[PDB]
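In: for now just these chains, pulled out of the complex without moving them:
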Amino acid sequence: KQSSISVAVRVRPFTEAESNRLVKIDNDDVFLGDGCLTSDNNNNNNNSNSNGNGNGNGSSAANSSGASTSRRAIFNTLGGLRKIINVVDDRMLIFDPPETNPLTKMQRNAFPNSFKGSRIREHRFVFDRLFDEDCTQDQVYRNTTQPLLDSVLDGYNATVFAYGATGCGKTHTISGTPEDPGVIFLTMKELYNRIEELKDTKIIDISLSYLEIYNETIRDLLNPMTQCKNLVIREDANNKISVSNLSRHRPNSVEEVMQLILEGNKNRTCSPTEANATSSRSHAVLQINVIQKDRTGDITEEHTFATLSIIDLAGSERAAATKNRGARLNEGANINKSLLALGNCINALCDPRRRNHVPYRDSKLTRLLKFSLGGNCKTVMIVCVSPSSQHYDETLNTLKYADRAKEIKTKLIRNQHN
Amino acid sequence: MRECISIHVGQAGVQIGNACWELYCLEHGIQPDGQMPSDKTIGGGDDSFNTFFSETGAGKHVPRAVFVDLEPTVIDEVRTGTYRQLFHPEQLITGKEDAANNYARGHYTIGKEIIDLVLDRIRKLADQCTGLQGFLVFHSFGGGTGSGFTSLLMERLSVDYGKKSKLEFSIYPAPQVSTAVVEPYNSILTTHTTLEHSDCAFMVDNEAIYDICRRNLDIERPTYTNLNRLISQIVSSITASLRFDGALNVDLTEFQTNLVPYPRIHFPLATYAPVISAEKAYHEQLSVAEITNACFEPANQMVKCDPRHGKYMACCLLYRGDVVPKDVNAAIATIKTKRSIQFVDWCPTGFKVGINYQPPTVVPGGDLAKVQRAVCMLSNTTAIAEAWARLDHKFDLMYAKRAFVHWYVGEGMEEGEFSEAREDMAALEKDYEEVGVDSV
């Protein structure tokens, strides 16, 4: 009856502003430059201006990275796809692609100059499921949570949490947009349809809960005017984490629940300055509690409970940009401390010796995730990692965390009685 | 002509800078009250020694430096010190908090409050330099403001002023006089930020300075005054190749070409062997054939290492006082016969030499004898990598348990910085290891 947390990755599609920079540079190099090269007769190696006027009619405007391969003129940065992710299939990926440029090819067996950079980084990451740049919401839904929701109505609990740094589309992946749905909308529609299909044999009821962890406090977006000072975490004598003064509304129709979710999501604080107006500046936990009641009116009454948790995590913001420090830096630093607590909990839990402690009593988020990691529920991760070479160390750190937490053990026995 | 600019960031920087400015002000006959005797005739111009100082209407030679420290205590001490009239009243008084033993606090939170004024004052000083050559910054790895404010100001000034030669003088920490336990974290992070923007960085080990001040000088528990004076002597020895224009005066800049193979491997050592106590210097006078052979002994280094077992990349000897060229050739030929000295297998280019005709000076009331035949070394090696390994060892013991990380994380820094810096320093160590491979 043992289980195992599974993992799933998503790769952002290139946004338009950097898509132009991708198109200007990467295509020729991959197709008929670094990708294939030419005979001992190529009169020009890489300085050709037939790439959308990438160089002036004369001397190069800026220093080249190497052999006139890139950095052709003065801009904010090169920002090419020199270090990116490779989604070759749906069971394995390789990061830091080898032989991406010929400079790496000359950097072998030669003087140990820039050596041991990519050679040491020849690591193959074997996850459970992988996604491509081109998938839509239904594609991710069809294998991220459909078995999970097949499990949730049977009695098992379940949890999914987002991941990754800023700009990877966690809110769009989970919370959806006013037009493009998320993952919660599809799950709710399928839950309603399964309610109708299973009507007249078993009654089912659902309850909604929604909270945020802004500034390491607690707040409920379904009901403002409740001051954060009143809300605190407490605990019963049987390992329960019931927050006080939760609104705990109950829905009856699809329109009501979706309208209420939109009204709640209107209140979350976000950065309004840059074009990234979708910047979620606070964690968020949604919980759906499903309760069954048999209708046979005889033996074999499978009175069963279950719950499903959706979590959106604000990304970790590093010193890159983020001007007017203090304010933005404090709102970033509290999130950073929460993410550090999460990572420390993961690292402590995965080991076989430190298991006696497994520190959860930490910043608020690591406490609210107590049941999620090592409790009874099944879990599936959704980690959004950008592939662009600009966000390199973000990708490496996030994916290293993704490789972590793949070896968790959680006995599950359902909530059946009678 | 080639007017450098000196920057002192942090308490250690301000201390060493005050000592060095005292020494330079005394050497060139400049009174602490500004004036000097020679300019009564010359007045001013573009002599060799006018490179650092400047001219004015009254002739008061104002020093070319701005003192940076977030604690106003030491800045007040210098303002209330003996050099009241020399430094113009534009020291960067900080009426606010300080990094307080945290790189993250100095870099992001409070560093941006005053960086604009620092840039404004450094630009005011630079604009008077018609032929500005480079920047000599003074900082410490294990400190607070020293670790981070330098690592920010260097990037800001490099972006502002393009490609100018930048020199940094470092004080690598020791456990005997450590004021903290988070010193390794600051050192690794500021080396990660500093490695890709500093032309050459000099390691003035504090353990080595303390040990040499204990053995050669007979003081048992030397306070920071003795260490300041002894380090200021090395700084003056290296810097004295710019204020003068004598014959055989190989310029300070021309050393850089022979010292840095690649832009990451620019950590050389530094030795010095005229040091003898004031009351014991008599009854003997040293010869060049013994002085130059003394500098190669492991006991007189300034970073704890054993070059005998490793290998030598290059060498550079800089003499001072009165030495005739007839003796130096014989001395070099003598020391070349030593078997223990072994050069890299792709550069036998030999020992570059330079001589400057001026006797070394010590402040009145000091402790070092006025030995005229002073000699200084600047030679990279693969043995210096051992030093970094020591720091890496500490990082292995204070990162499996995540100790103290939250203090840096809470200032606005992610966790991913630390592993990135650690991998950077591991790459540095492996690069030093691999350069010593054979040419076969």
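Out: Done, it's in. Numbering: from 1, shown residues only, chains lettered A, B, ... in the order given.

In: switch to C-alpha atoms for all contacts and neighbour counts from now on
Out: OK.

In: tell me, how many residues neighbour the closest residue to residue B:74 other than its chain neighbours?
Out: In space, residue B:74 comes closest to residue B:11 once its chain neighbours are excluded; the distance is 6.7 Å by C-alpha to C-alpha, 6 or more residues apart in numbering or on different chains. If you count neighbours by other C-alpha atoms under 10 Å in any protein chain shown, residue B:11 ends up with 25.

In: OK, contacts around residue B:11?
Out: B:69, B:71, B:74, B:146 (C-alpha atoms under 8 Å, 6 or more residues apart in numbering or on different chains).

In: same thing but at 10 Å, please
Out: Residue B:11 sits next to B:17, B:67-75, B:138-140, B:143-146 when contact means C-alpha atoms under 10 Å, 6 or more residues apart in numbering or on different chains.

In: next one: residue B:408
Out: A:333, A:337, B:102, B:103, B:104, B:105, B:185, B:186, B:414, B:415.

In: need phi/psi at the fourth one.
Out: Same thing as residue B:103. phi -60, psi -40 (degrees, to the nearest 10).

In: isn't it right up against residue B:193?
Out: No: if you go by C-alpha atoms under 10 Å, residue B:103 and residue B:193 don't touch, sitting 11.4 Å apart.

In: now the helices for chain A?
Out: Assigned by DSSP state H, chain A shows helices spanning A:16-32, A:102-106, A:137-144, A:146-152, A:170-174, A:184-197, A:254-265, A:327-350, A:364-368, A:370-374, A:392-403.

In: how about the residues of chain A near chain B?
Out: Within chain A, the positions near chain B by C-alpha under 10 Å from any C-alpha of the partner chain are A:111-117, A:316-319, A:323-326, A:328-341, A:343-344, A:348, A:393-394, A:396-398.

In: next up, phi/psi of the closest residue to residue A:315 other than its chain neighbours, please.
Out: Leaving aside its sequence neighbours, residue A:315 sits nearest to residue A:165 (C-alpha to C-alpha, 6+ apart; 4.4 Å). With angles defined as degrees, to the nearest 10, residue A:165 sits at phi -80, psi 180.

In: for chain B, see how far away residue A:165 is.
Out: Per C-alpha to the nearest C-alpha, to the nearest Å, residue A:165 is found 10 Å from chain B.

In: does that residue really touch residue A:385, like I thought?
Out: Yes: using C-alpha under 10 Å, residue A:165 makes contact with residue A:385 at a distance of 7.1 Å.

In: any shared contact partners between these two?
Out: Between them, residue A:165 and residue A:385 share the contacting residues A:391, A:394, A:395, A:397, A:398, judged by C-alpha under 10 Å, 6+ apart.

In: picking that back up, compare residue B:103 and residue B:193 (neighbour count), which wins?
Out: residue B:103 (29 against 19).

In: now that one, nearest residue through space, not along the chain?
Out: Residue B:103 sits nearest to residue B:148 (C-alpha to C-alpha, 6+ apart), 5.2 Å away.

In: quick one: name the residues of the stretch 251-400 of chain B near chain A.
Out: Contact residues, the stretch 251-400 of chain B versus chain A (C-alpha under 10 Å from any C-alpha): residue B:262.

In: show me what residue of the stretch 1-150 of chain A gets nearest to chain B.
Out: Distance from chain B to each residue of the stretch 1-150 of chain A (C-alpha to the nearest C-alpha) is smallest for residue A:112, at 6.5 Å.

In: with the stretch 251-400 of chain A instead?
Out: Closest point on the stretch 251-400 of chain A to chain B, by C-alpha to the nearest C-alpha, is residue A:333, at 4.5 Å.

In: isn't that residue up against residue A:282?
Out: No: the pair residue A:333 / residue A:282 is not scored as a contact, 11.5 Å apart, by C-alpha under 10 Å.

In: which residues do the two both contact?
Out: The contact lists of residue A:333 and residue A:282 share residue A:215, where a contact means C-alpha under 10 Å, 6+ apart.

In: here is chain C, add it in:
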Amino acid sequence: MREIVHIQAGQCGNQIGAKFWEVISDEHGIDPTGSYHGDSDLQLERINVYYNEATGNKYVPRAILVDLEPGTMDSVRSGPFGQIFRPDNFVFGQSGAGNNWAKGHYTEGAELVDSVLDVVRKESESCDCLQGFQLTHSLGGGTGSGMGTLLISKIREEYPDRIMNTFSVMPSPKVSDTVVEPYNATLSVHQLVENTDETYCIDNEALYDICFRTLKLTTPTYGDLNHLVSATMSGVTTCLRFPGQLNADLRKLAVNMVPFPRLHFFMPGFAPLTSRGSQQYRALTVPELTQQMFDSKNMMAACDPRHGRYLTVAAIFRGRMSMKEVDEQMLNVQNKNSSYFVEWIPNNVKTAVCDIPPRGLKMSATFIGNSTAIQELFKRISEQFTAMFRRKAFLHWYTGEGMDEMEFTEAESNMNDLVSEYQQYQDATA
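Out: Adding chain C to what we have so far:
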């Protein structure tokens, strides 16, 4: 010029304050009536860290007296030193608030915490910086453990970019025998594990044991149990108000002795032991002093350091003495001890020296040694909280004021987790 404002709440806190402030005024050569008279000019170097300038060369203290029952105000207003504090320094009500924690925390605290916060705002408006506020309370009666915790939980929100200092007098059955004390301590302790990162675990059990076993007094008065705590905390805070190489601002104290935000409980010690009055002892050799510091007899926490290990043992020495004397045996003490210092921390021990000695005694020392043997404190309180909560007696005095029954189990689980976390590092070598 990094200022501190000293807010003191509770009768015991008020008396410890009235003793410590007199001790400070004696060391810096300020007597009552507010004028300067001393035997060196190192005294005025960092006077603004604690005191404050006023007109006519009056160096009025900068501290607030929080006391609900007005008896303490009359006790201190004509006490030894308490005749210089400004008229508005005092904040008070017209009630005692009893031993009921909820009475001071919830219903009575809300009436006067506004005034206390207003006066704190006024004090913060006069200076130009603030390292972080310091508190002197006890995990005891209702007034202190309620109002101090409320002030912490509010001012933490109102000034989050600071480090909080709290002086905690943990009460034991010996010094007092009110049986609602374990509940009050166990609940008030986890309201400081979160909101403050620098606390000192002064113990009453160890204080009474030392004042009964080493000093031969048989009727230990509260005028002679304060003469250890006041001296110890003056030794603790010697660094801030004099120039020195070591920690000269709280953040440094925290950064040097806070490996994690949760494990910030110390166990201050004292090398000499002095009773009240003019009694004196033989001159102390430095090796004897350093040997005497380590052993458990001088510890002001009931735990035995020989059982566990240490993490940071930052120490301070007073008076005039050659520096090289201290660094000889100390390293040897670090060497002969096989395993009673944790390995995975590099360079544990650290030392400093100061010039002006304590009053009368011309040689002494202090240290702020954090330890992983402190668990025996909390592991004792759990045995005086589980017995009463298994039968769950005495609840109706707290439950009948606004608090639930969940919070008490929250406190118990919090203490168990803290004990386990401290226990884990005992055998978690490098």
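
In: ok chain C is in now, so what about the contacts of residue B:11?
Out: Contacts here follow C-alpha under 10 Å, 6+ apart; on that basis residue B:11 touches B:17, B:67-75, B:138-140, B:143-146.

In: in which helix or strand would I find residue B:21?
Out: helix B:11-27 (DSSP states H and E).

In: which outside residues touch the helix or strand just after that helix?
Out: Downstream of helix B:11-27, the next assigned helix or strand under DSSP H and E is helix B:39-42. Contacts to helix B:39-42, defined as C-alpha under 10 Å, 6+ apart, come from residues B:30, B:45, B:55, B:59.

In: using the three-state scheme, assign the third one.
Out: Read that as residue B:55. At residue B:55, secondary structure determined by DSSP: H, G, I helix; E, B strand; the rest coil is coil.

In: burial count for the residue nearest to it when sequence neighbours are not counted?
Out: Leaving aside its sequence neighbours, residue B:55 sits nearest to residue B:61 (C-alpha to C-alpha, 6+ apart; 5.5 Å). By the measure other C-alpha under 10 Å, the count of residues near residue B:61 is 26.

In: quick one: contacts for residue 379?
Out: Unless you meant another one, I'm taking chain A. Residue A:379 sits next to A:3-7, A:145, A:148, A:157-161, A:308-309, A:372-373, A:408, A:410 when contact means C-alpha under 10 Å, 6+ apart.

In: correction: the question concerned chain C.
Out: Counting by C-alpha under 10 Å, 6+ apart, residue C:379 touches C:415, C:416, C:418, C:419, C:420.

In: enumerate every residue touching the most centrally placed residue in chain B.
Out: With distances taken as C-alpha atoms, centre = their mean, the residue of chain B nearest its centroid is residue B:169 (2.8 Å). Residue B:169 sits next to B:8, B:13, B:136-140, B:200-204, B:235 when contact means C-alpha under 10 Å, 6+ apart.

In: go again with 6 Å.
Out: Shown in contact with residue B:169 (C-alpha atoms under 6 Å, 6 or more residues apart in numbering or on different chains): B:138, B:201, B:202.

In: and it, how far is that from residue B:133?
Out: Residue B:169 is 17 Å from residue B:133, where distance means C-alpha to C-alpha, to the nearest Å.

In: residue 28: neighbouring residues, count only.
Out: Using chain A. Residue A:28: 15 neighbours (other C-alpha under 10 Å).

In: please go with chain C instead
Out: Count around residue C:28 with other C-alpha under 10 Å applied: 22.

In: same check on residue B:377?
Out: Other residues lying near residue B:377 total 24 when counted by other C-alpha under 10 Å.

In: now do the phi/psi pair for it.
Out: Dihedral angles for residue B:377 - degrees, to the nearest 10 - are phi -120, psi 150.

In: so it touches residue B:269, yeah?
Out: No: counting by C-alpha atoms under 6 Å, residue B:377 stays clear of residue B:269, with 7.7 Å between them.

In: the contacts of residue A:379 in strands, which ones?
Out: Counting by DSSP state E, those place A:158, A:159, A:160, A:161, A:308, A:309 in strands.

In: now residue B:394: which helix or strand?
Out: If you go by DSSP H and E, residue B:394 is part of helix B:385-397.

In: now the stretch 151-300 of chain C against chain B: closest residue?
Out: Distances between the stretch 151-300 of chain C and chain B by C-alpha to the nearest C-alpha are smallest at residue C:259, namely 4.9 Å.

In: show me the contacts for that residue.
Out: Each residue near residue C:259 by C-alpha under 6 Å, 6+ apart is listed here: B:403, B:404.

In: mind checking the SS state of it?
Out: Per three-state DSSP, residue C:259 ends up coil.

In: ok, it to residue C:310 distance?
Out: To residue C:310, residue C:259 is 12 Å away according to C-alpha to C-alpha.

In: identify the contacts common to those two.
Out: With C-alpha under 6 Å, 6+ apart, residue C:259 and residue C:310 have no common neighbours.

In: quick one on the thing from earlier: which helix or strand contains the residue nearest to the centre of chain B?
Out: Using DSSP H and E, residue B:169 sits in strand B:165-170.
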